[PDB]
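Q: One structure follows; several queries about it will come next.
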Amino acid sequence: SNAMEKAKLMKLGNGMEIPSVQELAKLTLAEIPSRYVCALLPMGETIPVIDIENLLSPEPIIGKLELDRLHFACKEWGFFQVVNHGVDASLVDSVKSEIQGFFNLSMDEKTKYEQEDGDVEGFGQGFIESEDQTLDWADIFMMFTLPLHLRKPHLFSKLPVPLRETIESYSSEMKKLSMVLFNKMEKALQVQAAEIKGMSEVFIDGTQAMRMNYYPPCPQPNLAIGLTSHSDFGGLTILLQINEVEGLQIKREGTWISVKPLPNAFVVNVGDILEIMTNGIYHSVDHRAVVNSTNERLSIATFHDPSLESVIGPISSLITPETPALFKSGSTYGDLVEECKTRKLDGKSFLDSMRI
Ligand SMILES: O=C(O)CCC(=O)C(=O)O
Ligand code: NA
Ligand code: NI
């Protein structure tokens, strides 16, 4: 791939668009550019598996055992796989093939959507902020998917039709599965939705977004990271690993644990806002995605978050003498999102900043 492309991809100033790593990987460089070098914990028992059919079983003994398993996973792990989840195999196959198809399109075709200033949705990691900034070894496509009025209509119109139709179907199925899980988590926590401002009501008309992740092979995989360590900010994340390449890791007791998605599974995790709503009973866990020297990895994360005007705090029935209130109450989700963006990166986590 030509000398001009190398120059366009590597001669970067602050304020320029973050370049495509899928394009950079075509150069097959010996050494990665300095911006991709990180500047840690050892490697490690595997994440629990929750069966959705068992969870929804009309047989109370089956349902109760699976509820106990869900409750355990949310408390002790913050991450679990879901199987027998009711999302049609043919839909999942289409999500995989259409997203694979999409990233294999040319840059021109992937960036057809024209962003007005402050429109950050669609393809792209954003802009280079400083020489200090570390870039992830990944390209993304990220957009809001619910409610309907948060969809960028021109972005959706410029997607390939089968991808768009598949994404719209997948949005609905992800939303349904998220509500199955929120409803059972409510039941596990013994929150009566009628008497109490609970959990499910916050999410039923909440926001949904998708982040499609493309992690190209990297010649120096022990210097770079696919996706920098983070906890997800919102409610429930439902992740599909698109191909059979491993890379997701979670931070457990000061060590990184690999997650290997089962063939017909999604990986589900608790976000920071859900930790707050549960008064710290369920845990939002730090995780990252690592790259490798030989194979690209793809994934799609679907985030299920409160409405922007939802008032956030620990659910009052989870505040007890045995579990006193750990977190502040009373900010809207949208204000927490904004405050976190303009927060100090030096010092504490978002969660630790919300502690009473
Ligand atoms: O690609 C992965 O396995 C992880 C994705 C992720 O953590 C995210 O999109 O928040
Ligand atoms: Na209480
Ligand atoms: Ni994540």
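As shown in the structure tokens, the chain order sets the letters A, B, ...; within each chain, residues go from 1, and ligands are also counted from 1 in the order they appear.
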Just the residues within 8 Å of stretch 297-306 of chain A, please, counting only C-alpha atoms, with nothing from its chain fewer than 2 positions along; format it as a CSV table (one decimal) with C-alpha atoms, in the first residue's frame.
A:
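The new file result_18.csv reads:
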```csv
chain,number,residue,atom,x,y,z
A,100,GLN,CA,-17.7,-8.2,8.4
A,174,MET,CA,-31.1,-6.9,22.1
A,175,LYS,CA,-33.7,-4.6,23.7
A,178,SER,CA,-32.0,-6.6,28.1
A,202,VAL,CA,-35.5,3.4,34.1
A,203,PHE,CA,-34.5,1.2,31.2
A,205,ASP,CA,-37.8,3.7,27.6
A,206,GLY,CA,-34.0,4.2,27.9
A,207,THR,CA,-31.3,4.7,25.4
A,208,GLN,CA,-29.6,2.0,23.3
A,209,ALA,CA,-26.4,2.3,21.3
A,210,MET,CA,-24.1,0.0,19.4
A,211,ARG,CA,-20.3,0.0,19.1
A,212,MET,CA,-18.9,-2.2,16.3
A,213,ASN,CA,-15.2,-2.9,17.0
A,214,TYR,CA,-12.7,-3.9,14.4
A,215,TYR,CA,-9.3,-5.0,15.8
A,216,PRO,CA,-6.7,-5.5,13.0
A,217,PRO,CA,-3.7,-7.7,13.6
A,234,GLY,CA,-24.4,2.7,31.7
A,235,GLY,CA,-26.8,-0.1,32.4
A,236,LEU,CA,-26.4,-3.5,30.7
A,237,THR,CA,-24.0,-4.3,27.8
A,238,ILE,CA,-24.7,-7.3,25.6
A,239,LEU,CA,-21.7,-8.2,23.5
A,240,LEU,CA,-21.4,-10.4,20.4
A,241,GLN,CA,-18.0,-11.7,19.4
A,242,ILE,CA,-18.3,-11.7,15.6
A,243,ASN,CA,-15.5,-14.1,14.7
A,244,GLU,CA,-13.6,-16.9,16.6
A,245,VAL,CA,-10.7,-14.8,17.7
A,246,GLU,CA,-10.2,-14.2,21.4
A,247,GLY,CA,-9.4,-10.9,23.0
A,291,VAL,CA,-4.8,-7.6,19.9
A,295,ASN,CA,-5.9,-12.4,13.0
A,308,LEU,CA,-31.3,10.9,29.5
A,309,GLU,CA,-33.7,12.5,32.0
A,310,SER,CA,-33.8,9.5,34.4
A,333,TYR,CA,-28.2,10.3,33.6
```
Q: Just the residues within 10 Å of stretch 27-36 of chain A, please, counting only C-alpha atoms, with nothing from its chain fewer than 6 positions along; format it as a PyMOL selection string.
A: chain A and resi 1-3+5-6+9-10+12+21+128+130-137+217-221+223-226
Q: Write out as a PyMOL selection string the residues lying within 8 Å of stretch 46-61 of chain A, counting only C-alpha atoms and excluding same-chain residues fewer than 6 positions away.
A: chain A and resi 67+69-70+73+77+79-86+184+257-259
Q: Mind checking which residues fall within 12 Å of residue A:169, counting only C-alpha atoms, ignoring those fewer than 3 positions away in the same chain, and posting them as a compact mmCIF listing (two decimals) with N, CA and C atoms, in the first residue's frame?
A:
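Final output, result14.txt:
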```
# COMPACT_ATOMS: atom_id res chain seq x y z
N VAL A 87 -32.54 -15.34 20.61
CA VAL A 87 -32.24 -14.55 19.43
C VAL A 87 -31.86 -15.51 18.31
N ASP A 88 -32.62 -15.43 17.23
CA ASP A 88 -32.53 -16.36 16.12
C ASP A 88 -31.12 -16.46 15.56
N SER A 90 -30.15 -17.21 12.63
CA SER A 90 -30.03 -16.63 11.30
C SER A 90 -29.82 -15.12 11.39
N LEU A 91 -30.45 -14.49 12.38
CA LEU A 91 -30.19 -13.07 12.64
C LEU A 91 -28.75 -12.85 13.10
N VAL A 92 -28.30 -13.63 14.06
CA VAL A 92 -26.93 -13.51 14.56
C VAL A 92 -25.91 -13.73 13.41
N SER A 94 -26.40 -13.11 10.28
CA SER A 94 -26.50 -11.91 9.45
C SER A 94 -25.75 -10.74 10.07
N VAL A 95 -25.88 -10.56 11.38
CA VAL A 95 -25.13 -9.49 12.07
C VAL A 95 -23.63 -9.72 11.83
N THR A 145 -29.16 3.81 18.77
CA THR A 145 -30.15 2.97 18.13
C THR A 145 -31.56 3.03 18.74
N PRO A 162 -28.87 -4.19 3.65
CA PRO A 162 -29.00 -5.39 4.48
C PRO A 162 -28.38 -5.21 5.89
N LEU A 163 -27.27 -4.47 5.98
CA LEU A 163 -26.73 -4.12 7.29
C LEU A 163 -27.74 -3.32 8.11
N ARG A 164 -28.33 -2.28 7.52
CA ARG A 164 -29.28 -1.45 8.27
C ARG A 164 -30.48 -2.31 8.73
N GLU A 165 -31.05 -3.10 7.84
CA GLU A 165 -32.21 -3.89 8.24
C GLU A 165 -31.86 -4.91 9.32
N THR A 166 -30.71 -5.55 9.18
CA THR A 166 -30.20 -6.45 10.21
C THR A 166 -29.96 -5.77 11.56
N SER A 172 -33.96 -4.49 18.19
CA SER A 172 -35.19 -4.97 18.85
C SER A 172 -34.95 -6.20 19.73
N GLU A 173 -34.21 -7.17 19.20
CA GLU A 173 -33.92 -8.37 19.93
C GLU A 173 -33.01 -8.13 21.14
N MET A 174 -31.99 -7.30 20.98
CA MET A 174 -31.14 -6.89 22.08
C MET A 174 -31.95 -6.19 23.18
N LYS A 175 -32.83 -5.27 22.78
CA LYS A 175 -33.67 -4.56 23.74
C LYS A 175 -34.56 -5.52 24.53
N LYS A 176 -35.19 -6.47 23.84
CA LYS A 176 -36.02 -7.49 24.49
C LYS A 176 -35.21 -8.31 25.49
```
Q: Among stretch 265-340 of chain A, which ones does DSSP assign to alpha helix (DSSP H) (computed from the backbone)? Answer as a PyMOL selection string.
A: chain A and resi 272-277+333-340
Q: Excluding residue A:277 and any residue of its chain fewer than 2 positions from it, enumerate the residues within 9 Å of it, using only C-alpha atoms, and give them as a compact mmCIF listing (two decimals) with N, CA, C and O atoms, in the first residue's frame.
A:
```txt
# COMPACT_ATOMS: atom_id res chain seq x y z
N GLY A 198 -37.92 1.51 40.91
CA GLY A 198 -37.03 0.39 40.71
C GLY A 198 -36.08 0.59 39.55
O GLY A 198 -35.62 1.70 39.25
N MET A 199 -35.79 -0.53 38.91
CA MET A 199 -34.77 -0.65 37.90
C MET A 199 -35.38 -0.64 36.52
O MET A 199 -35.02 0.17 35.70
N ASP A 272 -21.55 0.98 35.17
CA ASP A 272 -21.40 1.80 36.38
C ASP A 272 -22.72 2.31 36.94
O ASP A 272 -22.93 2.29 38.15
N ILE A 273 -23.61 2.79 36.07
CA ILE A 273 -24.91 3.28 36.51
C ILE A 273 -25.74 2.16 37.15
O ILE A 273 -26.45 2.39 38.14
N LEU A 274 -25.65 0.94 36.60
CA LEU A 274 -26.38 -0.16 37.22
C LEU A 274 -25.78 -0.50 38.59
O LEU A 274 -26.51 -0.75 39.55
N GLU A 275 -24.45 -0.46 38.71
CA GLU A 275 -23.82 -0.60 40.04
C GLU A 275 -24.41 0.42 41.03
O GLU A 275 -24.82 0.05 42.13
N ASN A 279 -27.00 -0.01 44.59
CA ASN A 279 -26.29 0.36 45.81
C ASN A 279 -25.02 -0.49 46.01
O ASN A 279 -24.68 -0.90 47.12
N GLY A 280 -24.31 -0.75 44.91
CA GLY A 280 -23.07 -1.48 44.95
C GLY A 280 -23.20 -2.97 45.12
O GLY A 280 -22.20 -3.64 45.34
N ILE A 281 -24.41 -3.51 45.04
CA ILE A 281 -24.62 -4.95 45.18
C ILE A 281 -24.17 -5.71 43.94
O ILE A 281 -23.53 -6.79 44.03
N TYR A 282 -24.48 -5.15 42.77
CA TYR A 282 -23.93 -5.62 41.49
C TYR A 282 -22.76 -4.73 41.07
O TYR A 282 -22.78 -3.50 41.30
N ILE A 312 -30.93 9.30 38.77
CA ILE A 312 -30.10 8.16 39.13
C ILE A 312 -29.73 8.22 40.60
O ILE A 312 -29.27 9.26 41.14
N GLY A 313 -29.93 7.09 41.25
CA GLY A 313 -29.39 6.87 42.58
C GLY A 313 -29.71 5.45 43.01
O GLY A 313 -30.44 4.74 42.32
N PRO A 314 -29.16 5.01 44.16
CA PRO A 314 -29.47 3.67 44.67
C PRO A 314 -30.93 3.50 44.99
O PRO A 314 -31.56 4.40 45.53
N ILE A 315 -31.45 2.34 44.61
CA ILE A 315 -32.84 2.03 44.78
C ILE A 315 -33.07 1.94 46.28
O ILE A 315 -32.31 1.28 47.01
N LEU A 318 -32.87 -1.20 48.53
CA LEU A 318 -31.53 -1.76 48.67
C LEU A 318 -30.66 -0.99 49.64
O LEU A 318 -29.50 -1.35 49.83
N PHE A 327 -23.69 5.53 47.48
CA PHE A 327 -23.58 6.49 46.40
C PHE A 327 -24.60 7.62 46.54
O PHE A 327 -25.70 7.44 47.07
```
Q: Give the answer as one residue: which of A:342, A:353, A:316, A:331 has the shortest atom-to-atom distance to ligand 2, using only C-alpha atoms and all ligand atoms?
A: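 Among the listed residues, the smallest separation from ligand 2 belongs to A:316.
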Q: Using only C-alpha atoms and all ligand atoms, what table do you get, as a tab-separated table, when you list each residue of chain A with an atom no more than 9 Å from ligand 2, its nearest pair of atoms, and their distance in Å rounded to one decimal, rows by chain then rising number?
A:
```
residue	atom	partner	partner_atom_place_in_ligand_line	distance
A:315	CA	ligand 2	1 (Na)	7.7
A:316	CA	ligand 2	1 (Na)	4.3
A:317	CA	ligand 2	1 (Na)	4.1
A:318	CA	ligand 2	1 (Na)	5.7
A:319	CA	ligand 2	1 (Na)	4.1
A:320	CA	ligand 2	1 (Na)	5.0
A:321	CA	ligand 2	1 (Na)	8.3
A:323	CA	ligand 2	1 (Na)	8.9
A:324	CA	ligand 2	1 (Na)	8.4
A:325	CA	ligand 2	1 (Na)	8.6
```
